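Here we start with a single chain on its own, the form deposited in one PDB entry, put down as structure tokens.
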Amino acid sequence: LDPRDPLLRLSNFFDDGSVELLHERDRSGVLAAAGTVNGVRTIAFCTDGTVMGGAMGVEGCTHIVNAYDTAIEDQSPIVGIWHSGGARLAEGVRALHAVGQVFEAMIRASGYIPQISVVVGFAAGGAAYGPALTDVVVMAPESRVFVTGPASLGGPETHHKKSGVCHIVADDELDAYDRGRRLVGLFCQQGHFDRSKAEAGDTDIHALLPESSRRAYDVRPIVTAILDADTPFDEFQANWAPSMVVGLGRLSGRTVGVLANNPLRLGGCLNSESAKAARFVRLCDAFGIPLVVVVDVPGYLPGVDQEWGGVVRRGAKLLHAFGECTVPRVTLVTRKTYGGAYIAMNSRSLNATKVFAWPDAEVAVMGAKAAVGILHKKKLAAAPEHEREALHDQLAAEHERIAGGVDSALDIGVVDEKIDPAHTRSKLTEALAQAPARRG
């Protein structure tokens, strides 16, 4: 049907007048074309919902693989638009194989050219799976995903927003293209840092914290404050693993990625799904996008039935991701950062470019009460049971008053600089701009 026409959809994604088909238009079920997105040379393809419901066949898959080869050869970002019931069943194994070849193209392009998927209609089988292999998936609210064993039929607002496969949910198809468009800008027009612009955007970000250090808040406004005032923050997977906020924005015009623990959920603790962070770190590392890491993390948690496997493994990926990272990655410790979670959240030991702290920030092996329970075991043990807890609290209060602390952390060298939170934005920019583009 006319609204599902591939050339139409492609023409809606591309800059007006920039479309050049990569092959003769047929009934293969895909149409690939070159064009520009705000002037950036971009390859794109669109499944043809007007033909067998966009079902993927041999000839169609060959157009996609060809488009990928073209994008890789030119080092151009590649955007797929999806509306497809999966493989053409009647073609059998030939289509099966052809689909796998699409996957292999996507794997070859991985970390080399940006791959953006825009899901605008129905998607099942290999057409649901394809997007899963790309870097950022944008879903139109009308889009539907279906997957079954040897079963789920949902839209993004009903399922996929909360499952970490969908990165961004749009307002409508047109808006989905707009976001897709803005995504290639973020990857392919990364811009440059500007001290002046950074300084002029400075606010007392610290005022966004609640009065009690012991209580939760939403970190998102802090992210907002750091990033350029009237440029959107493109948060990924906002409703999946919400103890961890990640996404792309601009910092004095320069594309940067942000990771921030969100105390709003699970007290900001890391867990299996949030350790989301690993994949995002690899994304920015792949494409030369520097990182701002906002740390407020009291530890890590197990899953459903207190199972530890997920967080131990996903955590390992996080450690690797940061440890291997070579783009600049600056850490800001806002309130608390303890133990293994501290090590994992862009610590110095993992080659963090620079670590900043707010004056009241705390860096420690563990919580005061736990530490004190261990350090003063003799006095605690020897106490009468009815005073033991009061003693413990007294010990803990004094320990948090005189231990932890930025001054001690500066002395060791795990924190590089304590900063006035009113210059948070400008200090971050400086540290990132002064950093080498690679190594660290």
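For the two forms, the rigid core is made up of the largest set of C-alpha atoms that agree within 1.5 Å on superposition. A residue's number is simply how far along the shown sequence it sits, counting from 1.
- In terms of unmodelled positions of the deposited sequence, the stretch from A275 to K276 in this entry skips 1 to 3 residues.
- The modelled chain breaks between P150 and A151, where 10 or more residues of the deposited sequence lack coordinates.
- Mean C-alpha B-factor is higher over 153 to 161 than over the other stretch, the pair under comparison being 312 to 320 and 153 to 161.
- The deposited model assigns a higher average Cα B-factor to 171 to 179 than to the other stretch when 171 to 179 and 215 to 223 are compared.
- Sorting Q237, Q75, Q115, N346 by the CA temperature factor given in the entry leaves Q75 at the top.
- In the deposited entry, the Cα temperature factor of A403 sits in the top third of values across the chain's modelled residues.
- When all modelled residues of the chain are sorted by CA temperature factor, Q306 is found within the highest third.
- Among the modelled residues of its chain, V137 has a C-alpha B-factor that falls in the lowest third, as given in the PDB entry.
- Sorting the modelled residues of the chain by their CA temperature factor places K336 in the highest third.
- In the deposited entry, the Cα temperature factor of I205 sits in the top third of values across the chain's modelled residues.
Separately, the form deposited in another entry exists; it is not shown, and the next lines address it.
- Here the two forms are overlaid on the core, and between the shown form and the other one the C-alpha of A370 is the only one among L208, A286, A370, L133 to shift by 2 Å or more.
- Superposition of the core reveals a Cα shift of less than 2 Å for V58 between the shown form and the other one.
- Once the rigid core is overlaid between the shown form and the other one, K162 counts among the residues whose Cα shifts by 2 Å or more.
- Comparing the forms between the shown form and the other one, the C-alpha position of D411 differs by less than 2 angstroms, with the core used for superposition.
- In contrast to the form presented, in the other form the C-alpha positions of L375 and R388 spread farther apart by 3 Å or more.
- Panel note: the distance between the CA atoms of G86 and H160 is larger in the other form than in this form, the difference being 3 Å or more.
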